[PDB]
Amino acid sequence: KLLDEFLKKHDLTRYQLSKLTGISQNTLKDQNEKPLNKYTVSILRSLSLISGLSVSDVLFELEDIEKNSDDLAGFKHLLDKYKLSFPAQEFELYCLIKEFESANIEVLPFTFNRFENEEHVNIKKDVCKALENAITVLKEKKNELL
């Protein structure tokens, strides 16, 4: 639940947000179930007001939370297998996938049939390179839309 996790991270509750804004607790409950792409600038501003964050930083924190739950077009499964983390590149991949979503465009999952037969002396390096290559593929796909 995106809204609740943001509030909890700042030691805030729906009660306090409701108290500040007059937004009903029913409304905030419905809000908590929506994916980020449905959040309005209005609710980002409310969250900015109560948290002290700029609207841009509110959105980024909400994105970071949503991203931890995202499949990353298949890379999450891979990263989790080897307990790896590439915070910057994972977020970039996430950002590219959400962009395609906003143009109502299918992002086929990346597959690793080749990868997981082949052996890797530095699994961290090789996954990093697969991840960057994926980002490149998406960036190219992006620039051929435009």
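The first residue of the sequence shown is number 1, and the count goes up from there.
Comparing 84-92 with 47-55, the higher mean C-alpha B-factor in the PDB entry belongs to 84-92. Look at the C-alpha B-factors of 120-128 and of 19-27. On average they run higher in 120-128. The top Cα temperature factor in the record, among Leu36, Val41, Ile65, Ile105, falls on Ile105.
Per the deposited record, the Cα B-factor of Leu3 falls in the lowest third when ranked against the other modelled residues of its chain.
Sort the chain's modelled residues by C-alpha temperature factor and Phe115 lands in the highest third, per the entry.
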